[PDB]
Structures are given as C-alpha cells and as structure tokens.
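One structure below.
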2 protein chains.
Amino acid sequence: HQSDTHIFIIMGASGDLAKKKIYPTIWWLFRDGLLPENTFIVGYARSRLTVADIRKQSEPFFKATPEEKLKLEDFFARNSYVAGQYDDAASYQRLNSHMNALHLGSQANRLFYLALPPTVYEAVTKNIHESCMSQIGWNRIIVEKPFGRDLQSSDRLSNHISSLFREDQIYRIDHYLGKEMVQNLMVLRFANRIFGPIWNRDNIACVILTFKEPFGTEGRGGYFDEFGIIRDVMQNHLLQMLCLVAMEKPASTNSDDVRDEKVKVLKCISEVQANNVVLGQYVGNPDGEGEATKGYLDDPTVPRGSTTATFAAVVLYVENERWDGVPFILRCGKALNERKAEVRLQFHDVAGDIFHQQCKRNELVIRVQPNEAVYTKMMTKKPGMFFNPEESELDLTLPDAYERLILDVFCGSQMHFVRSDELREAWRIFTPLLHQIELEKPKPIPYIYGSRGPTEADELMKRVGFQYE
Amino acid sequence: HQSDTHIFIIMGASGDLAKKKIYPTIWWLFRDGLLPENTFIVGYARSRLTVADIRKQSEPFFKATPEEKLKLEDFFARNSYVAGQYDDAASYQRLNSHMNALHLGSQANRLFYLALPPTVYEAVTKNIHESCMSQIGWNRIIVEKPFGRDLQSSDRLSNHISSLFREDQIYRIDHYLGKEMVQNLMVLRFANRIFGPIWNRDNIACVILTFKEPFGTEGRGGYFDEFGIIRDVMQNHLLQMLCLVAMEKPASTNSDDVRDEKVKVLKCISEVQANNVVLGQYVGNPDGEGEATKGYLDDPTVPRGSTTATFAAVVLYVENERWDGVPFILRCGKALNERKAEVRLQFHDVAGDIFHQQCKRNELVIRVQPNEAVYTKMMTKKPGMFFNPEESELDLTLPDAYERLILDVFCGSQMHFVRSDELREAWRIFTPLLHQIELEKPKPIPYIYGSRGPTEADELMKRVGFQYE
C-alpha cells in the first residue's frame with residue numbers, strides 16, 4: 001500500500017469532526033510517511049470553501065512546528081476541495097469528474113470517510129454506490145457510529161448497506177478502540193499455556209470491562225440525548241472487548257475467523273432482562289471547580305426531563321461449554337473520576353486454602369489507555385523471615401489509537417470492525433431492554449460528577465460474584 | 001524462643017569446618033541478634049585449646065568491623081571450649097558437667113552440630129543419647145552429609161538414629177539449600193490459579209533442576225572420591241527441589257503434611273536405570289589461568305585411577321495420576337562455567353498454533369543463587385505495526401541461606417530437613433544405580449573445566465523432551 005495511490009475523501013470537510021479530529025490525524029499521518037506516498041485528500045461539504053480557508057480553520061488544531069512547516073506545505077500541496085449537496089446527483093457527478101481529473105484517479109483506490117449526520121447515511125451510501133464506485137481499485141467505506149437506534153432501524157440500515165456494498169467494503173469504525181492493548185489481549189491469550197487452560201469456566205471467576213474518561217458532554221449535549229451511552233460506546237466498544245475476552249481459539253490469525261468466533265460467542269448469549277441492567281446520569285457538583293458544577297440536565301441544548309442514561313452497567317453470560325454460567329460485567333460511563341479502559345480478570349480461589357485465608361483472587365489488568373500497560377496482581381511471599389504472601393502488581397508489557405485505526409483502514413485489516421451479523425447479534429441482545437427503555441422511560445439514578453459511578457453497579461458486581469479488595 | 005536459653009555445641013571445634021563456616025555463621029547470627037538472647041557456644045574437640053586460641057585462629061574468617069568491635073567481645077563472652085575424645089564416656093560426662101555448670105544449663109535447650117568425620121556417628125550419637133540428654137528442654141542434633149553410602153548402610157544409620165531420637169529430633173541439614181526461592185516456590189505454586197490448575201500432566205512439558213558451581217574441589221580432593229557428586233548434592237538438594245516441585249497439595253502448611261506428601265511422591269517413583277543417568281568428571285584446561293589448569297585426577301590427594309563422578313544427570317518420572325510420564329531432569333556438577341541454582345518449568349505448546357509457528361514454550365525460572373529471582377520468559381507482542389510476539393524477560397520478584405538454615409533448627413521448623421522414610425525412599429531409588437556403579441566401575445565422560453558440562457546431559461534433555469530456543 002505504498003505504490004498504488006490512495007485518496008482520502010472526507011464527506012463533511014466543513015464539519016466539526018473533519019476540522020478537529022480527521023484533518024489533524026491525516027496530517028500527523030502524512031508528516032511521518034505512514035500514509036501511502038501518493039496520498040490525496042478531498043474535502044466535500046455544502047458551503048463553498050477553498051484550500052486556504054481550510055488551512056485557516058485547521059492550522060490551530062494541527063499543532064504545527066517550524067521544523068516541518070515544509071512538510072505541512074507538502075501536506076496542503078495534496079489537498080483539494082469540492083462543494084455540493086449530499087442528496088443531488090449533479091454534485092456527485094461533479095465530484096466523480098474532479099476525482100478522475102487526477103493522477104490515475106480511476107485507478108486510485110478511494111477510501112470514503114463519512115463524517116455526516118446519521119440521518120443522511122441512507123441517501124449518501126446509495127448515491128455513492130450509484131456514482132462513486134471505482135472500476136479499477138478497491139472501494140472501502142467508513143460509517144460512523146451509531147449504526148441505528150434499535151433492532152428494526154439497525155436491521156434496515158445494515159440490509160441497505162449490505163445490498164449496496166459487500167461486508168469487505170464496510171468498516172464500522174470504533175473511535176476509542178486502542179488497537180495496541182486490545183491487540184495485546186490476543187497475544188497474551190493465545191501465546192501462553194500459562195493462561196490457556198485457565199481460560200474456561202472453572203478458573204476465570206468473572207470479567208470486568210471498564211471504560212472511563214474524566215470529562216462529560218460539554219457543548220455537544222443535544223447529540224447524546226437521543227442516542228445514550230449504550231448505543232454510544234458500550235454496545236460497540238464494550239461488546240468488542242467482551243467478544244475478544246470470551247471468544248474461542250480462532251482457526252487462524254485471520255479477521256474473518258476471529259469475527260466468526262465473535263458471532264458464535266454472541267450467539268451463545270441469551271437475552272438481557274431489566275434486572276441485569278443499572279443506568280445512571282451525572283449531575284453537577286456543588287464542590288466542583290470547572291464544568292463539574294454544571295450537570296448534564298443543566299445543558300441548555302439538552303431537553304428538560306430527559307431519561308437518557310450516560311452510565312450503563314449490564315452483566316452478560318456466554319452460555320456455551322467453555323463459558324457456561326460465568327459472569328461478564330460491563331461498566332461504562334461519562335464524566336467519571338479517572339480516565340481508564342481496562343479489562344480485569346478475577347480468577348477463582350484455589351480449591352483448599354492453606355495460607356490461613358490470606359489468599360486473594362488473582363487478577364489480570366489490561367489497561368488500554370492512558371499509559372498502555374498490562375500487569376497481573378498476583379501474590380508472592382514478601383522478603384523477610386516468614387511464609388505469608390503479599391499482593392503485588394507486576395508489569396507484563398508509536399502513533400495514537402485513532403491514527404492506527406485509520407492506518408488499519410488503509411491496510412484492509414478488518415479484525416476489529418463489527419460485522420453486519422455481529423451487529424445484528426449485538427442489537428437483538430439489547431432489543432428487549434432498549435424497547436422497555438423507550439416505552440417506560442425509566443429514570444437513571446443521579447450520580448456525582450467525577451465519582452466512580454453509581455453504587456448500584458458495584459452492587460451488581462457483588463451480587464453476581466465479583467470480589468472487592 | 002528468646003527467653004529460654006539455648007546452647008550451640010559445635011562437636012569438632014578444632015575442625016576446619018568449624019573454623020571456616022560454622023563459627024563465622026553463628027557470629028554473623030549473633031551480631032544481628034538472630035540467635036536467642038541467652039545463647040551459649042560450646043566448642044568441643046580432641047586437641048586441648050582455649051578461647052584465646054579459638055579467637056586467634058577464627059578472627060581472620062569473621063570479617064569484623066571497627067563499628068561493631070564491641071560485639072566481638074560480646075560474642076566471645078558467651079564462648080567456651082571443652083577438650084576430649086569422641087568415644088570415651090569420661091569426656092562426655094565432663095562435657096555434661098561443663099554444660100550443667102551454666103545459667104540454667106539443665107533447663108537450657110542444647111543444639112549440637114556434628115561436624116566431625118562421618119566414621120564416628122555410630123558411637124558419638126550413642127554417647128550423646130547416654131549422657132547429653134536434657135530432661136527439661138528440647139534436644140536436637142544436626143547430622144552432616146553423607147548419610148551413609150548405600151541402602152543398607154543408610155538404613156542401619158537411620159535405624160540407630162531413630163532408636164536414639166525420634167524424627168522430631170533429627171535434622172539432616174543441607175548447606176546449599178536456599179530457603180528463599182525454595183520458600184517462594186510453594187507460595188507461587190499454591191496461592192495462584194494462574195499456575196495452580198495447569199500444574200499437572202497436560203500442561204507442563206518438563207522440569208529442569210540445574211545446580212552448577214564455578215570452582216572445583218581444590219585442597220579437599222580426598223573427600224569427594226569416596227562419596228561422589230550423587231551422594232554429595234544430587235541425593236539431597238536436587239531431590240528436595242524435585243520434591244517441592246512435584247509434591248501433592250498438603251492438607252496444611254505444616255512440615256508434617258509437607259513431608260507426608262514428600263513421602264507419597266517418593267513412593268511414586270520407580271528405580272533409576274543406567275540409561276537414565278549421565279556421569280562426567282572434570283579435567284584441567286590447557287588454556288586456563290588458575291586452578292582451571294589442573295583437573296580432578298591431577299590432584300595429588302586423589303587416588304590414581306579414580307572413577308568418581310562430579311557431574312550427575314538423572315531423570316525421574318513421578319509415576320502417579322497427577323504426573324504420569326512427565327520428565328523431571330536433575331543436573332548438578334562441580335567446576336562448571338557459572339554458579340547457578342535454577343528450577344526451570346517449561347509448559348506445553350498451546351493446542352493449535354495460530355501465530356505462524358512463532359511459539360516458544362513459556363518458562364518459569366526460579367534462580368536460587370546467585371541473584372535470587374523468579375522470571376517468566378513468556379512472549380508478548382512487540383510494539384509496532386506487526387501482530388507478532390517476542391520472547392521477553394519478566395521478573396516476578398536479608399541474611400544468607402545458611403544463617404536461616406541454622407535458624408531453622410533453632411526454631412524447630414523441620415520443613416526442609418529430610419525425614420527417615422523420605423531418606424529411605426531416596427536411597428531405594430538410587431540403590432540399583434549406585435550398586436551397578438560400584439560393581440562395574442564406570443568411566444565418567446571427561447568434560448571441560450568451567451564449561452557447561454558434557455553434551456550427554458544436553459542429549460538427555462533433548463531425548464526426554466526439553467526444548468532449546
């Protein structure tokens with residue numbers, strides 16, 4: 001992927017996502033040559049703009065340096081802008097003509113990154129399949145979450161996108177997926193006989209999948225209200241973590257085999273009930289300093305009297321022979337105390353205590369971010385003159401996560417993008433819960449901003465079997 | 001044990017062992033208060049000497065400091081010397097009178113240390129049982145290796161010592177034992193379900209017990225010929241390591257149940273054949289610098305045409321349900337390339353390779369000495385763009401070993417002293433081997449001084465299944 005020219009087409013170039021997270025990421029890609037050598041970037045939006053205006057609105061977010069200001073100039077030597085609507089054929093044939101008016105534009109592999117409102121996918125993808133399909137190079141599409149709201153909406157969206165493109169062409173991207181420590185789980189789970197045989201019912205007591213970040217929903221509060229944390233991160237990222245924790249041994253390294261194991265694992269999970277769910281929402285802190293004093297419901301763009309939760313705790317059971325009856329817990333939330341994304345694996349106590357009940361359940365932490373590291377909280381005898389053991393943390397272990405994921409999109413590695421059938425599995429898992437939520441409008445319990453989450457999630461973990469030291 | 005007075009009686013005070021390793025060790029114990037508060041040291045030998053003579057001939061080996069020069073006279077205020085023969089009743093009654101002529105001497109707990117020539121045990125222990133018995137406190141003795149030469153001699157010695165003292169009063173000491181990594185093996189084995197349930201036939205590839213020394217036997221060459229390396233270190237130390245590795249889970253942490261499991265495992269071992277043994281003798285180096293230029297046969301005190309081995313490679317298979325057919329490799333020698341005392345635990349390759357045959361068996365090294373440490377040479381993903389692991393070093397981790405070994409017999413904790421039944425099983429297992437050697441007079445393979453050892457041992461590891469990376 002270093003000789004065949006590639007083009008990165010940002011639909012919604014004037015959009016805020018393209019302005020803050022896409023263009024800076026592609027620039028960081030271009031600075032160190034991680035992109036293909038012949039890389040073109042095409043912006044697309046409604047209002048008429050120019051490359052100079054794009055520079056004006058993007059340079060502050062670039063974090064540019066005079067050492068590679070020349071590399072920045074080379075970066076904007078490859079940028080172009082096309083203006084048009086998204087629901088008209090004239091603009092799209094104009095875009096096709098502009099794209100073909102390049103160095104082997106027809107031969108160029110197009111990589112479509114959609115940064116558009118969710119309501120517009122149904123027309124954007126259709127017009128793409130009508131007009132912007134390459135006849136020489138491959139076509140890949142990146143859709144941004146969420147991919148629907150419930151079972152029927154997701155089914156219609158997935159069926160439409162599948163009738164348009166094959167599954168090899170769809171990259172349902174996941175922003176928060178670290179791809180470095182999640183990649184470390186794979187090696188640490190297959191490359192060891194130490195961890196292999198104990199990856200079954202009789203050994204792994206429970207599984208904790210946690211995703212926390214310290215900040216809330218500043219400014220863009222009206223975007224969360226209709227979606228919720230479940231559809232935001234936990235149905236995609238937390239379930240990806242659950243699949244990569246509970247899955248069987250894949251037949252090979254291949255992405256399709258791993259995703260088949262994912263599909264089998266979710267197929268071996270029964271429906272989620274109301275009593276296996278805890279929901280919470282954050283409120284302002286009277287003792288807060290910055291945004292902590294102002295809550296989620298206090299956002300003017302958030303409608304008054306909204307029952308949309310931002311913290312969701314749901315336990316899952318993967319009922320098959322390898323994972324029958326085992327707990328899998330999911331803790332996710334916004335505006336929590338600490339930024340963290342870890343997979344904690346508490347193992348069963350050894351049958352028969354000999355150390356006078358001083359043994360603790362062994363743990364295996366896989367911290368995705370920040371400070372990517374993996375450590376096992378096992379115990380050894382402390383130095384001195386006795387025999388009692390002590391718990392100890394022992395370390396077991398480059399571009400950023402989003403940049404690495406876009407690199408994977410170039411490389412065609414679909415190991416960690418959710419499949420259409422995988423997404424259908426995930427959606428029918430929560431269809432009863434989502435339907436009951438949308439009908440009854442349950443009230444999530446307020447929780448303190450910058451806290452560890454509502455105590456009901458801890459109650460869930462203790463009830464299912466999790467032990468707290 | 002800091003209120004009841006203790007007596008440390010070194011029988012063989014004039015001996016080189018007492019002058020070199022016993023008195024410096026007890027002095028190091030006393031400088032730090034490791035001995036009980038009211039401790040007495042009673043040297044006993046044949047030649048008439050005095051406390052001043054003991055000071056004169058033992059000071060250079062103490063390594064004293066001007067900071068604690070006062071502790072020197074504190075130590076020698078508690079010393080005493082008694083002269084007498086080893087097989088006369090008058091001398092032992094005089095010694096008993098000397099011991100009774102002390103602060104609560106009859107109440108005092110006496111702790112002997114038989115560091116005299118082994119040819120005297122049969123009579124010295126009998127005279128001890130006749131005269132040197134305290135009717136108030138505990139009585140213990142320390143018999144020095146070797147504990148006989150064959151099954152019959154060992155059985156006779158053990159029967160006599162058993163008729164004299166109960167097994168609670170018999171401490172068959174081992175100098176080379178570590179008491180730190182050996183003490184850590186049990187906790188690493190029992191407090192973890194990471195290593196607990198995989199600790200059986202299906203997962204462990206094999207076990208390696210290596211014990212190498214850098215120096216030969218210069219000076220004391222006439223002592224190894226009659227004994228052999230097997231009866232020196234392999235019989236006691238490496239066998240104790242095998243027992244600690246392979247023993248079943250005890251009902252508790254007490255030495256009684258631990259040695260019961262020792263006995264069970266020993267009973268579950270078949271006899272050793274000549275094809276399961278590799279024997280070697282070291283020879284001088286033409287390219288050596290110091291003692292390396294002279295081999296064992298070049299020592300004038302070694303009889304000419306001596307077929308005593310200094311390298312022992314003997315493989316045991318603990319034939320029971322939990323360890324049916326798994327290898328246990330025991331390697332020990334003198335004058336090897338580097339000092340090392342390690343227990344290497346290699347696990348099976350995972351059932352079904354998926355990393356394109358880049359799998360290396362997980363290792364759990366327990367280096368007793370030097371540089372006490374446990375490190376698992378497991379393999380984890382290398383940072384970068386590629387989905388491959390690398391073999392990486394992961395560390396898992398105070399008086400010296402001999403000091404706490406002596407503190408063991410002070411405290412009465414018999415965790416690491418071999419039982420009579422364990423010793424009988426140990427001698428039974430090696431009886432056919434030693435008898436065949438004594439009959440046919442085999443020729444050990446000459447091997448390079450300061451090398452890794454003869455290639456026959458490595459071929460033994462390869463045959464039994466050990467893998468070299």
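Using ideal geometry, Cβ is built from the backbone for each residue, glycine included, and neighbour counts are taken over all protein chains shown. Read the figures in this text as sums done on the coordinates, not as results from a lab.
To the nearest 500 deg cm²/dmol, what mean residue ellipticity at 222 nm is calculated for chain A from DSSP H runs of n ≥ 4 alone, each contributing -39,500 (n - 2.57), summed and divided by the residues? Present the calculation step by step, with values, prior to reporting the outcome.
Working: 13 runs with 143 residues, N = 469.
Calculated mean residue ellipticity at 222 nm is -9000 deg cm²/dmol.
Would you mind getting me the FRET efficiency between B:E319 and B:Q2? Use the beta-carbon distance for r and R0 = 41 Å, nearest 0.05. It would help to have the intermediate numbers written out before the result.
On the way: r = 46 Å, r/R0 = 1.13.
About 0.35, to the nearest 0.05.
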So if I take the centroid of the Cα atoms in region A:28-57 and the same for region B:1-31, what is the distance between those two points in Å? 82
Set of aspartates and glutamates near A:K21 by C-alpha distance (under 18 Å), chain-local residues within fewer than 8 positions excluded: A:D32, A:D53, A:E59, A:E144, A:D174, A:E213, A:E218, A:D232, A:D400, A:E403, A:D408
Enumerate the amide H contacts of B:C332 below 5 Å, restricted to partners 5 or more residues apart or on another chain; note that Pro and chain-start residues carry no placed amide H. B:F211, B:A312
Once you place label points 7 Å from the Cα toward the Cβ at A:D155 and B:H175, how far apart are they in nm? 8.2
Over all alpha-carbon pairs of region B:317-398, lay out the pair-distance distribution in 5 Å bins, whole %, shortest bin first. 3, 11, 15, 18, 17, 16, 10, 6, 2, 0
What distance in nm separates the two pseudo spin-label positions at A:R220 and B:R46, each 7 Å out from Cα along the beta-carbon direction? 9.4
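For a distance above 25 Å, tell me the whole-number percent of Cα pairs in region B:342-469 that qualify.
Numbers: 4641 of 8128 pairs.
Result for the distance tail: 57 percent.
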When Cβ neighbours within 10 Å are restricted to other protein chains, what is their mean count per residue of peptide B:113-125? 0
Counting only DSSP beta bridges with both residues in chain B, tell me the antiparallel percent, nearest 5. 50
Between copies, how close do the B:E321 label points come, placed 7 Å along Cα→Cβ, listed in nm from shortest? 2.2
Most positive-pole-ward Cα, B:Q235, A:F466, A:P446, against dipole of the protein assembly as shown from beta carbon charges: A:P446
Cross-link candidates for A:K20: which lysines have Cα within less than 22 Å, leaving aside residues fewer than 8 places away along the same chain? A:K56, A:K63, A:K69, A:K71, A:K145, A:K179, A:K212, A:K334
In whole Hz and in residue order, list the ³J(HN,Hα) couplings for region A:423-432 that follow from phi through the Karplus curve 6.51 cos²θ - 1.76 cosθ + 1.60, θ = phi - 60°; x for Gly and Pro. 5, 5, 3, 4, 6, 6, 4, 9, 4, x
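Between B:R55 and B:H98, what FRET efficiency follows from the Cβ-Cβ distance if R0 is 22 Å, with the result rounded to 0.05?
Values: r = 19 Å, r/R0 = 0.87.
With a Förster radius of 22 Å, E is 0.70.
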First check a/c for region A:240-392, with a ≥ b ≥ c the square roots of the eigenvalues of its C-alpha gyration tensor; if it is under 1.5, answer rounded, and if not, answer prolate when a/b is larger than b/c or oblate otherwise. oblate
What size of dipole, in debye to the nearest 20, comes out for region B:318-458 about its Cα centre when the only charges are +1 on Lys and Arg C-beta atoms and -1 on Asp and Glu C-beta atoms? 320
Expressed as a whole number of Å, what is the distance separating the alpha-carbon centroids of region A:238-286 and region B:224-261? 48
In whole Hz, with x marking every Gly and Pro, tabulate ³J(HN,Hα) for region B:176-184 from phi via Karplus 6.51 cos²θ - 1.76 cosθ + 1.60, θ = phi - 60°. 6, 5, x, 6, 10, 6, 4, 6, 7
Residues whose modelled amide H sits under 5 Å from the amide H of B:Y113, counting only those 5 or more places away in sequence or on another chain, are B:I9, B:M11, B:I142
Placing +1 on the Cβ of each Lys and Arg and -1 on the Cβ of each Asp and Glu in region B:1-131, which of B:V120, B:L34, B:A108 has its Cα farthest towards the positive end of the resulting dipole? B:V120
Sort shortest first the distances from B:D87 to its counterpart in every other copy, using label points 7 Å along the Cα-to-beta-carbon line, and give them in nm. 11.5
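Under 1.5 on a/c is rounded, so check that first for region B:383-425, then, if it is not, pick prolate when a/b is larger than b/c and oblate when it is not; a ≥ b ≥ c are the square roots of the alpha carbon gyration tensor eigenvalues. Walk me through the intermediate numbers first.
Numbers: a/c = 6.44, a/b = 2.43, b/c = 2.65.
Here region B:383-425 falls in the oblate category.
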At 7 angstrom along the Cα-to-beta-carbon line, where would the label on A:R339 sit relative to the other copies? Give the distances in nm, shortest first. 4.9
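Per residue of A:180-193, what is the mean number of Cβ atoms on other protein chains within 10 angstrom of that residue's Cβ? Provide the component values of the computation, followed by the final result.
Numbers: counts 3, 1, 0, 2, 4, 1, 5, 10, 5, 1, 7, 17, 12, 15.
Mean inter-chain Cβ contacts per residue within 10 Å come to 6.
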Give the average, rounded to an integer, of partner chain Cβ atoms located within 10 angstrom of each Cβ in B:378-385. 6
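Considering the convex hull of the alpha carbon atoms of the protein assembly as shown, report its projected area averaged over all viewing directions, in nm², one decimal.
Numbers: hull surface 196.2 nm².
Convex hull of Cα atoms, orientation-averaged projection: 49.1 nm².
Quick check on the exposure proxy: order A:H1, A:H103, B:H160, A:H348 from fewest to most C-beta atoms within 10 angstrom. Let's see the in-between values first.
Working: A:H1 12, A:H103 9, B:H160 15, A:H348 18.
Fewest to most other Cβ atoms nearby, the residues stand as A:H103, A:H1, B:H160, A:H348.
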Output needed for region A:123-262: three equivalent-ellipsoid semi-axes, defined as square roots of 5 times the C-alpha gyration tensor eigenvalues, in descending order, whole Å. 31, 23, 14
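Pulled fully out, how much extra length does the chain show between A:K267 and A:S252, if you take 0.36 nm times their separation in residues and subtract their Cα-Cα distance? Walk me through the numbers on the way to the answer.
On the way: separation 15, 0.36 × 15 = 5.40 nm, distance 2.03 nm.
Gain on extension, A:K267 to A:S252, equals 3.4 nm.
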List every residue whose amide H lies under 5 Å from the amide H of A:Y447, counting only residues 5 or more places away in sequence or on a different chain, with H placed 1.01 Å from N in the peptide plane. A:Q281, A:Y282, A:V283
In angstroms, what radius of gyration and Dmax does chain B have, counting Cα atoms only? 23.9, 84
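Residues with beta-carbon under 9 Å from that of A:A341, excluding A:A341: net charge, scoring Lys, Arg +1 and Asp, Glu -1? It would help to have the intermediate numbers written out before the result.
Numbers: positive: A:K212, A:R339, A:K340, A:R367; negative: A:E213, A:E342.
After counting each charged neighbour, the total is +2.
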